[PDB]
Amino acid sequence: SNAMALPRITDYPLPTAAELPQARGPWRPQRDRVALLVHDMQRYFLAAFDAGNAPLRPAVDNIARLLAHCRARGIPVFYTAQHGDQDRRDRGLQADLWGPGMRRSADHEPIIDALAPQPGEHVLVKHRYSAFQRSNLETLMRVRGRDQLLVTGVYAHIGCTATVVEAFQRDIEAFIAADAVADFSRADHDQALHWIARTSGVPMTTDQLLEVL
């Protein structure tokens, strides 16, 4: 594999509740206001991790717990997925960092089986780091009365961070599942949660989120 030019991501432990940064914001998530986002959990982006070890194994198990939780409560579920064989003119500047992108292949495009979307769940075409850019995420959420977003997926310091700060700027309170995201390293993972906590959102563990939603 070579997504993000990484043949492999070395194993690292997910942060525990005691290791989370203090959120500057007072926002707390509510079942009737929140929407779940599963950010780019496609075979292409996950190949580099050892799926039997941390962080991916527990992160995938945690997104599966959040999907089951939302499906039992009518909480809207959104996924982002890029399409393969993007034209460089549409892919833009990210191609200068991460190459031409995934191919139109069953080894790249599909959301992994363990997190497969169900009928009635929105799968948005992902064009940029932020799930809101070149999409209708904001209007889909608004007309459903959802003004809170719970972010899960990969990579924490890139698309998850860009999506959180855009949600915040669009008046959508932003939450990130600290152990239902994964990244290039624990250092990148910690950096993402620390920056979100001081500027635009609230990192919480999956166990904490399941208890309050």
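Sequential numbering from 1, following the sequence displayed.
(request) Name the higher of the two by mean Cα B-factor in the PDB entry, 162-170 versus 47-55. (result) So the stretch with the higher mean C-alpha B-factor is 47-55.
(request) Determine, for stretches 187-195 and 16-24, which one has the higher mean CA B-factor as deposited. (result) Per the PDB entry, the higher value belongs to 16-24.
(request) Among all modelled residues of this chain, ranked by Cα B factor, put residue 82 in the bottom, middle or top third, i.e. lowest, middle or highest. (result) Residue 82: CA B-factor falls in the middle third of its chain.
(message) Based on the deposited C-alpha B factors for this chain, I'd like to know if residue 74 is in the lowest, middle or highest third.
(response) As the PDB entry reports it, the C-alpha B-factor of residue 74 lands in the highest third of its chain.
(request) Using the B-factors in the PDB entry, rank residue 147's C-alpha atom against the chain and give the third, lowest, middle or highest. (result) Residue 147: CA B-factor falls in the lowest third of its chain.
(request) Using the B-factor values recorded in the entry, state whether the Cα atom of residue 115 falls in the lowest, middle or highest third among the modelled residues of its chain. (result) It falls in the middle third of the chain.
(request) Could you say whether, by C-alpha temperature factor, residue 107 belongs to the lowest, middle or highest third of its chain? (result) Highest third.
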